[PDB]
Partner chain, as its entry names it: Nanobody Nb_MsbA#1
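Just one chain is shown here, as structure tokens, and it is the form solved without its partner chain.
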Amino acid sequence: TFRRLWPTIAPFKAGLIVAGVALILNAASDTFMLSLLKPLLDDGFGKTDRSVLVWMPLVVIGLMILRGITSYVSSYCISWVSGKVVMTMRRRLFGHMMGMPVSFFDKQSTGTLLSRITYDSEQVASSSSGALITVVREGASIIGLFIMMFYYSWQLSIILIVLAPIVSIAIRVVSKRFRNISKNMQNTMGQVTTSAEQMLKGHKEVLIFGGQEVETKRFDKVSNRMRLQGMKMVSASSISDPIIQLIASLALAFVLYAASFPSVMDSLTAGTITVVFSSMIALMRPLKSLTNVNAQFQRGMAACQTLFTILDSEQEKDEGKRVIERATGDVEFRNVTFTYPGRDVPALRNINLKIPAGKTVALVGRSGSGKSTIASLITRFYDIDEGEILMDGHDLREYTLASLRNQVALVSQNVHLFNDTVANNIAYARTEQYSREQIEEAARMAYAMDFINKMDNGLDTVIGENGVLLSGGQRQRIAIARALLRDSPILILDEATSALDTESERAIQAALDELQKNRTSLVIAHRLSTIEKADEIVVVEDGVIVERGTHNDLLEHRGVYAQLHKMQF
């Protein structure tokens, strides 16, 4: 089907050839054990020769340390090939779901992302290697159990194998009639139950009219007709099994009649009869599972096209080559309009925001629709629909993504801490550029030295999740340390309030005020303290920035900033 997965398996085909030689020896050692019946019953138990029962108990345990040795050697060769072709796909999906647009991670799939590198990535090899075990184990067992019969007695094997189709079709033909008769009877049984349901519905009219005795006499006739149509469903399903058993045993009677009295037979002496009959019973288990080979090779290959749809998908649009090093200017918006992918209602209308040099602007308002969206466009997590965002006399589309992302610092509340020491989370992906010496200065000027001191090991504690764990204020201060160390010229202070509690508010305010030196920042406003002190106060209300006036003029006005004071107080 989708055999573009074979090049992933090709580097390791040395556990599919050792599990194709140590699994034929697992099946060829089951059709040799079953051949021990012929000596046992001919020259063993039946005869007075005791010598056959003294070497055989050794080879009964001399053939099941070879069914165990070759059942484990063939499991440290498919668990090693179905583990290195799942690993090399698990780590190829986690290089494609780490660069594509955050639109996919937004809400297209949130918790099923792991299910495609933990569950659907192991099922592409736990159901495609279970369809090679079954087609190569139980395709040499089927050949050994067919060579035994034709070696020991072909005369009886031919007649035995000719009657198997005739028995099977007869059983199916006699089963079909009784199944459809049972269905026809259950239809009438359902009809009578419906009549009883309509009988029970009129209690409120039974009571008032006084038909309690006339209504129970009419359930003496719907109940007598529920047992006569109920005992005709057990008198039609209990007559099926005896007849199919009789049909099956007519074949056995014919085989026994033909196996001795004709002179063509009677080359059999008590051991060729039992092996030939006992192997055909052993031919059914390696025939029920062989049919389901393609029922598993296709169930474990839809989960390959799923991962080849997640893989080979549109990666992030890294358009442009222009390189910017420092935002010595203004990150301006001009007439831009953007709508979230997957929806039609415009979340952002025409907006003209100017972020001046050496100043800060505050996206004021608790609207909840217009504050975070403008923040998201600067870093180009979501690309714009139409218009222009200007940066240093250019456009963000023209600039390289790697050269734009490294200029914006999100000092947010919900910030991620990676599973490393409390120093590389302050210098993530810049450990070579920044030496530890800068890291003490960053922690000191971020006022995080106190929490650094009260630690089990110092500036080396595993700090992310599955580790020490922190509170909100400490994560805020770590993010502030990151931003201060990186010296990013653009900041987006999310500033979720969370708590205004004393001795944490002081620390975060001091760290933030030290951060915002000459840096030009757009602050998402949730705390009035920064709204009071801002160069420009811009209200966002369903994407129409109309109350754009500064703090003083808009405070004098009764506009949305005055109304902000009203709802805050």
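Positions refer to the first chain, counted from 1.
Form deposited with its partner chain bound: not shown, discussed below.
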{"property": "Residue stretch of 342-350, 175-183, 161-169, 390-398 approaching its partner chain in the bound PDB entry, non-hydrogen atom distance within 4.5 Å", "result": "342-350"}
{"property": "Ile24 within 4.5 Å of its partner chain in the bound PDB entry, heavy atoms", "result": "no"}
{"property": "Touches its partner chain in the bound PDB entry: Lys13 (any heavy atom, 4.5 Å)", "result": "no"}
{"property": "Partner proximity in the bound PDB entry: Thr8 to its partner chain, non-hydrogen atom cutoff 4.5 Å", "result": "no"}
{"property": "Non-hydrogen atom contact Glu514 with its partner chain in the bound PDB entry at 4.5 angstroms", "result": "no"}
{"property": "Residues of stretch 536-559 in contact with its partner chain in the bound PDB entry (4.5 Å, non-hydrogen atom)", "result": "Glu536, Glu541, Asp542, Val544, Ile545, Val546, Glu547, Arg548, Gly549, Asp553, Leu554, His557, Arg558, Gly559"}
